[PDB]
Amino acid sequence: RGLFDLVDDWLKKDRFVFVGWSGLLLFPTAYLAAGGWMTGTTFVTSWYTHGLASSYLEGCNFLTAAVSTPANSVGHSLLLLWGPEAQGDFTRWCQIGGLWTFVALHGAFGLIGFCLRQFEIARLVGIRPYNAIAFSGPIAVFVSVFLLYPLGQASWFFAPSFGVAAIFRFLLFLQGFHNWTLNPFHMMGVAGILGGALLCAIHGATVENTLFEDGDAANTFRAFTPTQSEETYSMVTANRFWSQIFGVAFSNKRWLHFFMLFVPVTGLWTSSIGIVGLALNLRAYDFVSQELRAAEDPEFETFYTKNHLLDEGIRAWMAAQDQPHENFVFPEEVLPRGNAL
Amino acid sequence: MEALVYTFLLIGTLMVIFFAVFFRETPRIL
Amino acid sequence: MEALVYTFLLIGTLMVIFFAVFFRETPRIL
Amino acid sequence: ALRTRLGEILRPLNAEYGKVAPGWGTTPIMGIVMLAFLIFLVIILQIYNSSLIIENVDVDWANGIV
Amino acid sequence: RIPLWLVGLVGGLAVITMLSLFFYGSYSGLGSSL
Amino acid sequence: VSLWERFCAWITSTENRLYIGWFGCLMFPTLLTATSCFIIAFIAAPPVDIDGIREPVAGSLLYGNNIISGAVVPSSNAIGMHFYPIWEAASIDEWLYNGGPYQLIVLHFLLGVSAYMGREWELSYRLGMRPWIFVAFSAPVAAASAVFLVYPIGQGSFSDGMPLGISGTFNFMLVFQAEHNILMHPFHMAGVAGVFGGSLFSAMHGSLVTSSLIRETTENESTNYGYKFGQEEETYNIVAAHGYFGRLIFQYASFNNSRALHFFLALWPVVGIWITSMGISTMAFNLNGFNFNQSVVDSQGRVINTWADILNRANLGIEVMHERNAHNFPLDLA
Amino acid sequence: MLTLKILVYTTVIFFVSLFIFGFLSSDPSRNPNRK
Amino acid sequence: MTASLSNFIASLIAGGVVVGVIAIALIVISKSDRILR
Amino acid sequence: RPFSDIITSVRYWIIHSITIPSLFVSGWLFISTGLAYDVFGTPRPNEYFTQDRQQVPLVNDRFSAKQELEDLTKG
Amino acid sequence: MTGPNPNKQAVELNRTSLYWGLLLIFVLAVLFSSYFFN
Amino acid sequence: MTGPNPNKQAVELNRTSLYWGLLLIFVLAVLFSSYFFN
Amino acid sequence: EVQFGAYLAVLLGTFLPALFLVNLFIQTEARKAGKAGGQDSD
Amino acid sequence: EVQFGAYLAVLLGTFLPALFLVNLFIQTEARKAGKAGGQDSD
Amino acid sequence: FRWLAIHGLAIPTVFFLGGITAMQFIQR
Amino acid sequence: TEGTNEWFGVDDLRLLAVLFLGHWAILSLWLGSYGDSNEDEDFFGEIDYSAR
Ligand code: CLA
Ligand code: CLA
Ligand SMILES: CC(C)=CCC/C(C)=C/CC/C(C)=C/CC/C(C)=C/CC/C(C)=C/CC/C(C)=C/CC/C(C)=C/CC/C(C)=C/CC/C(C)=C/CC1=CC(=O)C(C)=C(C)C1=O
Ligand SMILES: CC(C)=CCC/C(C)=C\CC/C(C)=C/CC/C(C)=C/CC/C(C)=C/CC/C(C)=C/CC/C(C)=C/CC/C(C)=C/CC/C(C)=C/CC1=CC(=O)C(C)=C(C)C1=O
Ligand SMILES: CCCCCCCCCCCCCCCC(=O)OC[C@H](COP(=O)(O)OC[C@@H](O)CO)OC(=O)CCCCCCCCCCCCCCC
Ligand SMILES: CC1=C(/C=C/C(C)=C/C=C/C(C)=C/C=C/C=C(C)/C=C/C=C(C)/C=C/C2=C(C)CCCC2(C)C)C(C)(C)CCC1
Ligand code: OEX
Ligand SMILES: [Fe+2]
């Protein structure tokens with residue numbers, strides 16, 4: 001009837017890719033985060049920001065290419081193309097590291113626009129919105145690492161660059177400087193990721209091994225029409241199996257599939273709380289009862305004090321080349337070496 | 001004195017594992 | 001640090017006196 | 001369903017429930033306010049970020065009068 | 001009309017000429033440490 | 001009638017509380033000895049010379065540790081790969097000094113887990129099930145035997161084996177990074193994709209079932225009570241969750257087949273952990289990951305740094321600091 | 001220490017022999033199909 | 001009136017036409033592709 | 001129209017037998033004519049270091065960062 | 001198992017005897033705290 | 001007072017969800033104790 | 001200087017027996033609401 | 001040297017929430033024994 | 001029409017692969 | 001003496017009598033049912049369901 005109704009009926013039309021209202025936020029912003037990454041890893045260097053090479057023009061393969069974080073002198077500037085740093089020039093915008101905030105900002109509005117996509121399709125199909133709530137897990141890892149972690153730090157420079165090996169140094173930068181593995185929020189996150197991979201490997205292998213005979217063929221994939229009301233696997237058998245192997249087992253398909261939602265997602269929320277606590281440098285660095293004892297008793301050694309000496313090697317050896325803006329000129333005689341290494 | 005708490009948490013965790021396996025609410029059809 | 005426990009015991013005792021007077025199980029004939 | 005003296009005063013404030021303005025109403029007036037408040041938040045963030053420089057406005061610890 | 005398996009054959013060996021070209025330039029040109 | 005037939009009838013009975021089976025004849029004595037020695041060695045065990053340099057590393061709770069730092073320490077560098085049981089130790093005090101209980105726990109563990117795996121086969125045979133849950137459990141058995149058995153073999157000592165603890169795990173992972181460069185190795189890459197993908201398709205499948213549940217309860221009681229146990233009606237509209245994901249990405253990327261869907265949940269992690277556990281295995285024999293250090297040069301020939309060179313300087317920090325007294329010669333051959 | 005050692009080889013080849021003579025005890029025929 | 005303030009309002013105008021040319025194209029095509037009753 | 005009916009048709013491969021080589025070679029000429037080094041400012045292998053500047057160039061200012069990169073890219 | 005026990009009973013505690021037992025514990029906690037802290 | 005509330009409901013917790021919630025607390029007690037004792 | 005095991009004596013001497021007596025009252029009222037058959041039994 | 005407020009953190013972090021979850025189970029079984037009407041309802 | 005949907009993703013992809021094959025033959 | 005090349009780790013003569021009486025003590029149990037059966041009775045199955 002009205003003008004709003006014609007636009008509402010056009011976006012929600014059955015077509016190849018469902019656009020909806022949320023596609024106006026997703027499809028422009030996701031196309032430019034992805035294309036900003038493919039351009040930045042192919043053409044744009046890191047020679048002026050980090051003093052590296054992170055492009056395909058500079059000989060890096062898929063692994064050692066990245067869209068890199070800007071300089072520490074930029075601080076937390078948004079680095080707009082028209083801004084006071086770039087001033088409209090495209091070429092000087094790329095050399096400062098403007099594509100990285102271009103990827104991260106238009107990417108953050110892609111994950112907004114993709115989670116709104118999951119509320120919109122669920123309302124048209126008419127189902128409960130648990131996909132949009134389980135996808136809030138990965139939103140809490142993008143925001144609290146690519147956004148909330150460099151905000152608490154000195155600049156955008158201490159953020160993960162969007163490249164394969166550039167994530168890998170961020171894994172190593174976070175052990176030596178922060179002792180991230182000791183943090184109980186990672187420990188509750190590893191329990192959800194390795195726990196979530198566990199549940200789909202079991203529920204994959206128990207459904208597929210309690211199937212009913214619905215055909216004479218040896219292939220069991222053929223014997224399932226999608227609109228049938230009979231269940232395709234014996235729940236009573238699978239309960240009787242695991243009650244004797246493992247001792248305790250699900251007797252509820254509604255509780256089972258909810259539990260496959262809770263376990264992976266909670267590991268992304270609990271691990272997201274800790275990385276917000278490392279923006280503020282509130283790290284779980286030391287057990288002081290272990291540290292006061294190892295200072296007074298020069299014979300008491302645990303595995304825990306062995307990890308601190310591994311972190312002095314990370315804090316001293318890479319920090320010269322890690323942070324060229326700070327100009328660490330270490331002598332050879334201050335770098336902690338071991339015996340004969 | 002400090003390690004006494006850690007031991008009580010560990011064997012206390014193994015108690016509720018014992019009760020969950022053997023005193024489980026046995027599911028029944030009908 | 002020590003007197004904080006004594007205060008919590010005293011005002012905690014005055015709570016259950018408050019609930020016993022006003023939220024009492026009112027006795028009823030028949 | 002217990003009439004109190006304070007309940008009698010406030011009763012016309014709750015007596016309406018679910019009356020609507022028929023049509024689109026004041027929705028286009030609201031969006032012009034929401035478009036305006038979106039521009040306001042962008043500006044005061046960029047002042048704070050030093051990505052929008054205003055003359056005689058310096059984002060630094062200033063001498064408040066003592 | 002073209003048979004579909006001819007299409008996946010010609011495009012499939014076209015990818016091998018693209019991939020093995022990329023593993024070629026790991027040992028020559030830039031990024032080869034020569 | 002015979003005594004053996006009345007014993008085979010009991011040991012293979014599915015009417016027991018826990019199925020014992022013929023693999024339980026060597027699962028249960030193995031894993032109860034790995035357990036009962038682990039609880040004692042984690043709580044009360046004296047310090048252990050791990051580096052073979054007579055610097056004993058404390059690992060138990062009574063010697064001032066906690067849950068995180070306490071660990072069953074691996075055996076000595078002095079022993080190395082030699083089999084060191086209690087009777088070949090001339091006292092228990094000499095046994096506990098040189099890293100005794102690490103070999104008693106690990107060898108009774110790998111026998112009991114490889115028997116727990118065959119026990120999952122056996123009950124599937126006696127219950128009429130198709131058999132291959134135990135093939136999915138091969139993936140953590142591959143990974144448990146990679147860090148406790150295969151990596152001490154190729155490195156030639158159980159002292160390079162994984163410490164049974166929590167802080168000892170991260171001593172294992174970091175030293176393995178400096179000496180082998182696991183992150184650049186494509187088999188750790190193929191299993192990070194296995195568990196990121198595994199936790200994706202777990203929470204992606206578990207949401208689309210819970211989204212499309214059928215009304216069987218009221219809003220006061222729980223959602224889960226609309227499933228009566230052993231019912232034959234399907235508890236969720238699978239056509240509904242197919243039409244949702246058929247619009248969320250596109251139409252042809254959606255499994256309408258629930259059997260092929262529930263197979264892909266078992267394929268992706270298990271193949272990802274088979275491949276990963278043969279990353280530790282091929283890096284046990286010093287076939288390390290990629291090494292792109294000093295790979296990008298200018299026309300003058302000066303080394304241009306990459307992200308691998310920054311990653312190298314993190315590896316050089318752990319390499320020059322791990323086992324800071326055990327080395328005497330310029331190259332860590334072990 | 002040579003008294004403990006005797007005790008272990010009893011316990012090992014007790015349960016190993018239950019394993020070996022378990023599957024020799026017509027073990028494929030113990031299925032829910034027939035017998 | 002500064003360099004930074006003049007460039008920002010120009011981006012605000014440029015942010016209007018990006019929303020604009022998407023919106024103007026979307027109204028016209030929504031007329032042609034209406035659904036039969 | 002179904003997707004597999006498109007790519008097996010001849011009229012599809014009539015159009016895209018011209019457009020694919022005319023677009024792949026334009027991606028070749030975008031590099032071999034040295035154009036990509038000037039749009040994105042990526043250093044050529046000749047020009048990581050210069051005769052004067054022998055260190056690693058870094059930006060060391062918030063607001064004159066455009067002017068400092070005008071310095072480090074002339075020589 | 002065996003059959004259900006005919007000696008199953010129920011436990012009761014009215015609202016009156018709750019406040020006795022609460023006040024009994026807090027007054028013993030007030031009294032004996034000063035000696036335990038010493 | 002006034003009348004009885006028609007929004008009275010009952011709270012349930014089966015034996016299954018007891019062992020989840022017990023094990024949830026003890027494992028969080030095992031995990032976070034070492035940091036609290038420091 | 002006070003004994004640091006007295007905090008554990010008092011605060012568990014309060015809470016553990018007092019939380020016990022609450023439980024015997026809650027299951028008392030649940031049995032009375034259980035038999036009564038209206039709106040709360042379930 | 002350990003923090004003496006951590007004993008109060010852990011042992012109340014165990015007992016107070018774990019004694020809570022016991023209470024929701026005891027009143028659950030009391031309502032089921034309350035409706036059932038035999039030998040235990042009262 | 002869906003010619004704008006695919007070719008916003010495929011016309012760039014062939015253009016960048018025209019550049020990635022050219023970078024294999026570039027040396028110092 | 002650990003690295004001696006001795007069969008099954010049998011260091012002393014006493015450990016043999018442990019091994020022989022372990023395999024045989026269960027072998028004799030096994031022969032109480034599956035022993036003393038007809039060693040000449042075949043089948044054209046994949047699997048035999050003969051007797052106990
Ligand atoms: C809808 C999709 C969308 C969204 C949400 C964003 C969002 C963003 N872009 Mg982006 N962009 C998009 C599409 C989008 N873009 C497209 C399609 C292109 C290609 C042209 C770009 C190209 C682009 C570049 C090149 C840059 C950004 C940047 C930015 C960021 C800051 C922009 C800013 O401050 O806004 C300011 C604008 C507004 C707040 C708009 C408000 C509009 C008001 C409400 C109405 C204005 C009316 C006006 C006063 C009168 C107009 C009259 C006229 C119509 C007749 C922000 C995260 C910058 C960035 O991230 O830097 C790192 C940056 O440099 N974008
Ligand atoms: C057994 C090993 C193990 C395991 C399982 C984990 C598990 C985890 N670690 Mg950990 N870690 C470990 C060892 C381990 N760690 C060690 C040894 C170290 C070294 C000290 C670290 C250091 C470390 C750090 C430094 C961090 C983690 C983080 C994490 C979390 C992963 C975050 C995640 O899911 O990202 C998944 C990624 C996302 C959710 C991002 C969103 C994904 C978007 C939606 C994808 C969109 C793509 C789209 C389709 C476009 C693609 C197309 C385009 C390419 C063309 C998880 C809890 C992170 C964390 O805690 O974050 C909270 C983190 O920052 N770990
Ligand atoms: C005209 C102008 C101005 C010129 C400019 C040109 C212009 C307009 C350009 C704009 C064009 C533009 C860029 C638009 C393109 C839009 C676009 C695609 C943008 C997004 C960008 C982008 C990077 C997208 C790619 C990422 C993408 C979405 C990847 C999808 C990943 C994928 C295929 C995953 C499949 C995984 C999979 C097999 C899952 C199933 C397994 C699983 C367990 C699912 C669970 C499950 C499934 C079921 O099935 C059912 C049944 C049930 C029960 C169930 O549990
Ligand atoms: C005793 C001694 C000495 C101990 C010392 C040990 C020591 C050194 C320290 C260990 C201490 C310790 C345990 C620390 C853990 C700390 C830590 C990691 C905390 C995690 C806490 C926590 C809140 C984590 C948050 C993330 C989270 C919620 C993870 C949960 C992970 C988890 C519990 C997953 C469940 C996995 C599970 C077993 C599932 C399989 C279920 C299974 C039996 C399937 C059954 C089944 C499957 C089917 O498919 C079908 C069809 C049917 C029918 C069916 O039935
Ligand atoms: C030698 C081998 C013999 C088997 C060994 C036995 C060990 C088995 C462990 C028992 C799990 C008990 C947890 C109770 C859990 C409980 O009782 O759940 C009972 C639950 C049954 O759910 P239903 O379908 O009955 O529930 C339907 C509704 O009523 C939901 O409330 O079973 C599961 O879902 C358990 C599956 C995950 C199993 C979680 C195990 C996590 C591993 C243990 C983590 C703790 C280890 C800590 C050590 C420090
Ligand atoms: C940045 C920027 C921009 C742009 C954007 C765009 C437009 C982009 C796009 C772009 C794109 C979107 C890109 C793409 C790329 C692609 C590629 C280059 C691909 C490749 C591929 C490959 C290499 C792969 C491989 C393979 C195959 C082929 C098969 C088998 C498998 C595999 C995976 C191996 C603008 C203007 C806004 C401005 C601002 C900034
Ligand atoms: O032991 Mn354990 O860690 Ca395998 O590397 Mn050589 O050895 Mn000793 O050093 Mn490094
Ligand atoms: Fe499922």
# chains A, B, ... in the order shown; residues from 1 in each chain; ligands from 1
>>> residues_around(residues="region 16-27 of chain B", least_positions_apart="6", cutoff="9 Å", atoms="only C-alpha atoms", output="short mmCIF file (atom, residue, chain, number, x, y, z; two decimals) with N, CA and C atoms, in the first residue's frame")
data_model
loop_
_atom_site.label_atom_id
_atom_site.label_comp_id
_atom_site.auth_asym_id
_atom_site.auth_seq_id
_atom_site.Cartn_x
_atom_site.Cartn_y
_atom_site.Cartn_z
N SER A 243 25.64 -45.44 28.73
CA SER A 243 25.43 -45.66 30.16
C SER A 243 26.31 -46.77 30.70
N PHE A 246 30.59 -45.12 29.42
CA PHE A 246 31.06 -43.95 30.13
C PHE A 246 30.44 -43.82 31.51
N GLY A 247 29.27 -44.40 31.73
CA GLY A 247 28.62 -44.43 33.02
C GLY A 247 27.42 -43.52 33.11
N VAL A 248 27.41 -42.43 32.36
CA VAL A 248 26.29 -41.49 32.39
C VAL A 248 26.09 -40.97 30.98
N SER A 251 19.61 -38.67 28.09
CA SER A 251 18.33 -39.30 27.81
C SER A 251 17.33 -38.27 27.30
N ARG F 17 26.10 -53.47 35.35
CA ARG F 17 25.97 -52.02 35.43
C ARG F 17 26.90 -51.33 34.46
N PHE F 229 11.23 -39.86 26.96
CA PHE F 229 12.31 -40.76 26.59
C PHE F 229 11.79 -41.98 25.87
N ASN K 14 15.68 -31.47 38.98
CA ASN K 14 15.78 -32.92 39.00
C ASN K 14 17.16 -33.37 39.48
N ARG K 15 17.32 -34.68 39.65
CA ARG K 15 18.58 -35.22 40.16
C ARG K 15 19.72 -35.05 39.17
N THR K 16 19.40 -35.03 37.87
CA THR K 16 20.39 -34.75 36.85
C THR K 16 21.01 -33.37 37.03
N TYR K 19 23.69 -32.67 39.83
CA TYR K 19 25.08 -33.07 39.71
C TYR K 19 25.84 -32.16 38.76
N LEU K 22 26.50 -29.09 41.11
CA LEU K 22 27.53 -29.37 42.10
C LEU K 22 28.90 -29.40 41.46
N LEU K 23 29.04 -30.15 40.37
CA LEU K 23 30.32 -30.26 39.68
C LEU K 23 30.75 -28.92 39.09
#
>>> closest_atom_pairs(of="chain F", to="ligand 3", cutoff="7 Å", atoms="only C-alpha atoms and all ligand atoms", output="CSV")
residue,atom,partner,partner_atom_place_in_ligand_line,distance
F:201,CA,ligand 3,43 (C),4.2
F:202,CA,ligand 3,43 (C),6.6
F:204,CA,ligand 3,45 (C),5.0
F:205,CA,ligand 3,55 (O),3.4
F:206,CA,ligand 3,55 (O),6.4
F:207,CA,ligand 3,55 (O),6.9
F:208,CA,ligand 3,55 (O),4.8
F:209,CA,ligand 3,53 (C),5.9
F:238,CA,ligand 3,53 (C),5.9
F:241,CA,ligand 3,51 (C),5.1
F:242,CA,ligand 3,51 (C),3.8
F:245,CA,ligand 3,49 (O),5.6
F:246,CA,ligand 3,49 (O),6.8
F:249,CA,ligand 3,28 (C),5.9
F:253,CA,ligand 3,38 (C),5.9
F:254,CA,ligand 3,49 (O),3.7
F:255,CA,ligand 3,49 (O),4.1
F:256,CA,ligand 3,51 (C),5.2
F:258,CA,ligand 3,51 (C),6.9
F:261,CA,ligand 3,43 (C),6.3
F:265,CA,ligand 3,43 (C),6.3
>>> write_last_selection(atoms="C-alpha atoms", output="mmCIF file, in the first residue's frame")
data_model
loop_
_atom_site.group_PDB
_atom_site.id
_atom_site.type_symbol
_atom_site.label_atom_id
_atom_site.label_comp_id
_atom_site.auth_asym_id
_atom_site.auth_seq_id
_atom_site.Cartn_x
_atom_site.Cartn_y
_atom_site.Cartn_z
ATOM 1 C CA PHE F 201 29.503 -27.053 13.702
ATOM 2 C CA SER F 202 28.741 -28.123 17.269
ATOM 3 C CA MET F 204 25.707 -24.471 14.668
ATOM 4 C CA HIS F 205 23.974 -27.834 14.775
ATOM 5 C CA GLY F 206 22.948 -27.485 18.393
ATOM 6 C CA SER F 207 21.302 -24.161 17.684
ATOM 7 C CA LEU F 208 19.275 -25.256 14.679
ATOM 8 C CA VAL F 209 17.758 -28.153 16.570
ATOM 9 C CA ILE F 238 13.852 -30.530 10.401
ATOM 10 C CA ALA F 241 15.838 -25.632 10.214
ATOM 11 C CA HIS F 242 16.675 -26.546 6.626
ATOM 12 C CA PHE F 245 20.038 -22.224 6.903
ATOM 13 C CA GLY F 246 18.933 -22.486 3.283
ATOM 14 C CA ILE F 249 23.862 -18.585 3.454
ATOM 15 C CA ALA F 253 24.908 -25.279 1.046
ATOM 16 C CA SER F 254 22.400 -26.977 3.359
ATOM 17 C CA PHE F 255 22.229 -30.673 4.235
ATOM 18 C CA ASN F 256 18.642 -31.819 3.958
ATOM 19 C CA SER F 258 20.211 -35.631 8.614
ATOM 20 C CA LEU F 261 24.668 -33.986 8.433
ATOM 21 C CA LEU F 265 30.019 -33.590 12.543
#
>>> atom_distance(atom1="CA of residue 41 (chain L)", atom2="CA of residue 225 (chain F)")
16.6 Å
>>> residues_around(residues="residue 245 (chain A)", least_positions_apart="2", cutoff="7 Å", atoms="only C-alpha atoms", output="MDAnalysis selection string")
(chainID A and resid 241:243 247) or (chainID F and resid 18:19 120)
>>> write_last_selection(atoms="C-alpha atoms", output="tab-separated table (two decimals), in the first residue's frame")
chain	number	residue	atom	x	y	z
A	241	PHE	CA	25.56	-47.77	25.01
A	242	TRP	CA	27.03	-44.79	26.82
A	243	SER	CA	25.43	-45.66	30.16
A	247	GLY	CA	28.62	-44.43	33.02
F	18	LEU	CA	29.15	-51.20	33.54
F	19	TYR	CA	30.06	-53.49	30.68
F	120	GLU	CA	33.83	-49.22	22.96
>>> interface_residues(of="chain M", to="chain B", cutoff="12 Å", atoms="only C-alpha atoms", output="ChimeraX atom specification")
/M:1-4,6-11,13-15,18
>>> residues_near_ligand(ligand="ligand 6", cutoff="7 Å", atoms="only C-alpha atoms and all ligand atoms", output="VMD selection string")
(chain A and resid 31 to 32 34 to 36 38 to 40 99) or (chain E and resid 15 19) or (chain N and resid 9 12 to 13 16 to 17)
>>> residues_near_ligand(ligand="ligand 1", cutoff="6 Å", atoms="only C-alpha atoms and all ligand atoms", output="list in words")
residues 25, 28, 29, 78, 79, 80, 81, 98, 101, 102, 105 and 106 of chain A; 35 and 39 of chain D; 12, 13, 15, 16, 17 and 20 of chain H
>>> calpha_fit_and_write(fixed="chain B", moving="chain C", output="tab-separated table (two decimals) with C-alpha atoms, in the first residue's frame")
chain	number	residue	atom	x	y	z
C	1	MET	CA	47.86	-25.87	55.84
C	2	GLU	CA	47.40	-24.47	52.35
C	3	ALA	CA	47.54	-27.80	50.49
C	4	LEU	CA	44.84	-29.24	52.75
C	5	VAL	CA	42.27	-27.14	50.91
C	6	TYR	CA	43.48	-28.32	47.49
C	7	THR	CA	43.20	-31.98	48.50
C	8	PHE	CA	39.68	-31.48	49.86
C	9	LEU	CA	38.61	-29.87	46.59
C	10	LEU	CA	40.01	-32.76	44.56
C	11	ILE	CA	38.58	-35.68	46.51
C	12	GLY	CA	35.37	-33.72	46.98
C	13	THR	CA	35.12	-33.45	43.21
C	14	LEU	CA	35.62	-37.20	42.89
C	15	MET	CA	32.75	-37.82	45.30
C	16	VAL	CA	30.13	-36.15	43.12
C	17	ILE	CA	31.51	-38.06	40.14
C	18	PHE	CA	30.91	-41.28	42.08
C	19	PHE	CA	27.34	-40.37	42.99
C	20	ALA	CA	26.53	-39.27	39.45
C	21	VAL	CA	27.52	-42.59	37.93
C	22	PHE	CA	25.98	-45.02	40.37
C	23	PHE	CA	23.10	-43.06	41.89
C	24	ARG	CA	21.96	-41.62	38.58
C	25	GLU	CA	18.29	-41.01	37.90
C	26	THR	CA	17.70	-44.05	35.72
C	27	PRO	CA	15.65	-43.09	32.65
C	28	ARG	CA	12.63	-45.24	31.91
C	29	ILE	CA	10.36	-45.68	28.93
C	30	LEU	CA	6.66	-45.16	29.84
>>> atom_distance(atom1="CA of residue 51 (chain A)", atom2="CA of residue 30 (chain E)")
17.6 Å
>>> residues_around(residues="residue 6 (chain G)", least_positions_apart="6", cutoff="8 Å", atoms="only C-alpha atoms", output="ChimeraX atom specification")
/O:14-15,18
>>> residues_around(residues="residue 21 (chain G)", least_positions_apart="2", cutoff="12 Å", atoms="only C-alpha atoms", output="VMD selection string")
(chain F and resid 4 to 5 7 to 8 22 to 23 25) or (chain G and resid 13 to 19 23 to 27) or (chain O and resid 22 to 31 33 to 35)
>>> residues_near_ligand(ligand="ligand 7", cutoff="8 Å", atoms="only C-alpha atoms and all ligand atoms", output="number ranges by chain")
F: 50-51, 77, 155, 157, 159-161, 175-176, 179, 319, 322-323, 326-327, 332-334
>>> interface_residues(of="chain N", to="chain A", cutoff="10 Å", atoms="only C-alpha atoms", output="ChimeraX atom specification")
/N:1-2,5,8-9,12-13,16,19-20,22-24,26-28
>>> residues_near_ligand(ligand="ligand 4", cutoff="6 Å", atoms="only C-alpha atoms and all ligand atoms", output="PyMOL selection string")
(chain A and resi 187-188+191-192+195+199+202-203+206-207+235+238-239+242+249-251+263+266-267) or (chain B and resi 10) or (chain F and resi 39+42+67+165) or (chain K and resi 27-28+30-31)
>>> atom_distance(atom1="atom 9 (C, counted along the ligand's line) of ligand 5", atom2="CA of residue 40 (chain F)")
20.2 Å
>>> closest_atom_pairs(of="chain A", to="ligand 2", cutoff="9 Å", atoms="only C-alpha atoms and all ligand atoms", output="tab-separated table")
residue	atom	partner	partner_atom_place_in_ligand_line	distance
A:30	CA	ligand 2	50 (C)	7.9
A:33	CA	ligand 2	50 (C)	8.3
A:34	CA	ligand 2	55 (C)	5.2
A:35	CA	ligand 2	55 (C)	7.5
A:37	CA	ligand 2	55 (C)	7.6
A:38	CA	ligand 2	55 (C)	7.1
A:107	CA	ligand 2	46 (C)	8.6
A:110	CA	ligand 2	44 (C)	8.9
A:111	CA	ligand 2	44 (C)	6.8
A:135	CA	ligand 2	44 (C)	8.3
A:137	CA	ligand 2	39 (C)	7.0
A:138	CA	ligand 2	39 (C)	3.7
A:139	CA	ligand 2	41 (C)	6.4
A:140	CA	ligand 2	62 (C)	7.2
A:141	CA	ligand 2	62 (C)	4.5
A:142	CA	ligand 2	40 (C)	5.0
A:143	CA	ligand 2	40 (C)	8.7
A:144	CA	ligand 2	62 (C)	6.6
A:145	CA	ligand 2	64 (O)	5.8
A:146	CA	ligand 2	64 (O)	8.7
A:149	CA	ligand 2	64 (O)	9.0
A:160	CA	ligand 2	64 (O)	8.5
A:167	CA	ligand 2	25 (C)	8.3
A:168	CA	ligand 2	25 (C)	8.6
A:169	CA	ligand 2	25 (C)	8.8
A:170	CA	ligand 2	25 (C)	5.9
A:171	CA	ligand 2	25 (C)	4.2
A:172	CA	ligand 2	20 (C)	5.6
A:173	CA	ligand 2	25 (C)	7.6
A:174	CA	ligand 2	25 (C)	5.1
A:175	CA	ligand 2	20 (C)	4.3
A:176	CA	ligand 2	20 (C)	7.9
A:178	CA	ligand 2	20 (C)	8.8
A:179	CA	ligand 2	20 (C)	7.0
A:180	CA	ligand 2	20 (C)	5.5
A:181	CA	ligand 2	20 (C)	5.3
A:182	CA	ligand 2	20 (C)	8.8
A:185	CA	ligand 2	60 (O)	7.6
A:186	CA	ligand 2	57 (C)	5.5
A:187	CA	ligand 2	57 (C)	7.6
A:188	CA	ligand 2	57 (C)	7.3
A:189	CA	ligand 2	57 (C)	3.7
A:190	CA	ligand 2	7 (C)	4.3
A:191	CA	ligand 2	5 (C)	7.4
A:192	CA	ligand 2	57 (C)	7.0
A:193	CA	ligand 2	5 (C)	5.4
A:194	CA	ligand 2	5 (C)	5.5
A:195	CA	ligand 2	5 (C)	8.9
A:264	CA	ligand 2	34 (O)	9.0
A:267	CA	ligand 2	57 (C)	5.8
A:268	CA	ligand 2	57 (C)	5.8
A:269	CA	ligand 2	62 (C)	7.3
A:270	CA	ligand 2	62 (C)	7.8
A:271	CA	ligand 2	60 (O)	4.5
A:272	CA	ligand 2	62 (C)	4.0
A:273	CA	ligand 2	62 (C)	7.4
A:274	CA	ligand 2	60 (O)	7.1
A:275	CA	ligand 2	62 (C)	6.0
A:276	CA	ligand 2	62 (C)	8.6
